[PDB]
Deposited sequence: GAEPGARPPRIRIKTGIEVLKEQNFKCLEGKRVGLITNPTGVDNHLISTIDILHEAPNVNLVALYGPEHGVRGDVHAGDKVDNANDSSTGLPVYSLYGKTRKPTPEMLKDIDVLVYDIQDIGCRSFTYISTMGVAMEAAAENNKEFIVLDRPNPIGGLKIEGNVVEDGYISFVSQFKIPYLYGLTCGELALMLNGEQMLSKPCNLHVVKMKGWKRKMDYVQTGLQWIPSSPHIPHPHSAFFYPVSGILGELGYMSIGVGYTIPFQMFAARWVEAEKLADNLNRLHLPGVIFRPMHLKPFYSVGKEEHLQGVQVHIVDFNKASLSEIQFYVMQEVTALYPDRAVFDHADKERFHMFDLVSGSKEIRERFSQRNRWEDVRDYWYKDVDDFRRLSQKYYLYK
């Protein structure tokens, strides 16, 4: 048992917080912003005598994770970066010189912490404030790139930048790209505190760090791999994807499915690195609460070989072939289709899939931007 890397916060401590000296510091963080001893970056900067920590900013789900105003332990003002104020206002920034960002994300575009980062960067740029990212590992590694980039009509808080669905960058590398490619409204005075020892091949468990639930339904490091497996279909609340049960994002089920038939049809696809297992369950809450459901558990037996985000579409395809009168876009809540399109970064994914419920009619669109994005990413990589 050993921590094999130095996170941005560990590097900042080793540098005795030099890049923060003489500045009024604002800190964007949540319960994942901790050092190797699981002490919060809030308490580290508050206790450092050469750091003037003056304000805290909490993203989706909150800062001490207790809201989901002033901080009890430090007495510092706490600002909410969600809903109407997802982007810091000029009034929220008048009391600081630099915004420090320290949050563990999951390497998926629809997870809104990276949206908070980019929009806070843009607010910093527009108000002449410095922005510092304390870099953290990409928990699914720095090699997988999947999905089309976001189209203009589908840019939103759950699809904030023209990057793929799995974008393969650390939050620090993404910040550098947003700045370098003029993807935000104005250039930002950005500094990234680079990690030591992190490698693109590393998944989170290989770093040796503890995983703090990124959000309630991403409780374990392996859960970050499964969020893109089922998360897009999950926006509809049509089938259970395990949210409401004890393996969130790792399964697909409904009351009208025959588990063994669905598993047999999916295993016949021979998707690399995946095995589907039939299952029977009764959700405790959310979708299918207290109903007997049947479906499949998705077991990833080789994380390097598996193409993650396409799995929900193969499941939708095979479920529909078995139960043709249960097609997702024929029976799911129509009021959730716009959200599905936003998370997908285009209405083309739903529209092409809806023609005959076949992934082959969407696959080329899903893969079209990978080679161009990998080439663009090489300009900003910090780690080998």
Should a student be asked to find the unmodelled regions, what ranges of the deposited sequence would be the right answer here? 1-8, 77-83
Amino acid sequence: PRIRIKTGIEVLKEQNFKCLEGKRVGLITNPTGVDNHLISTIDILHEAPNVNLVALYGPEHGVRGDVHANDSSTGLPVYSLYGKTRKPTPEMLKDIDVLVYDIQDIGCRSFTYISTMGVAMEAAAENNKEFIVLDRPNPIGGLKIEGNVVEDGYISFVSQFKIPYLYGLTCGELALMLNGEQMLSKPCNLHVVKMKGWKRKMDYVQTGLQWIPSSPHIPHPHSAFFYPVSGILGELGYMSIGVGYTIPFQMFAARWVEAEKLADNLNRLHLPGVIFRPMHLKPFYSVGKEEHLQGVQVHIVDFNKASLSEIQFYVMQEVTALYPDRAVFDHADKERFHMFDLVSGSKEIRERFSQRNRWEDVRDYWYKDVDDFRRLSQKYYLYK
From here on, numbers count along this sequence of modelled residues.
357-365 versus 15-23 - which carries the larger mean C-alpha B factor in the record: 15-23
Taking the recorded C-alpha temperature factors, which stretch has the higher mean, 301-309 or 272-280? 301-309
Name the residue from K261, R136, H220, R109 with the greatest C-alpha temperature factor listed in the entry. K261
At the C-alpha atoms, which of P228, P164, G141, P213 reaches the highest B-factor in this entry? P213
By the recorded C-alpha temperature factor, relative to the other modelled residues in its chain, which third is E47 in? highest
Relative C-alpha B-factor of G345, binned into the chain's lowest, middle or highest third: lowest
Looking at the C-alpha B-factor of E151, is it in the lowest, middle or highest third of its chain? middle
Rank-wise, by C-alpha B-factor, drop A253 into the lowest, middle or highest third of its chain. lowest
Going by the recorded CA B-factors, say which third of the chain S159 sits in, lowest, middle or highest. lowest
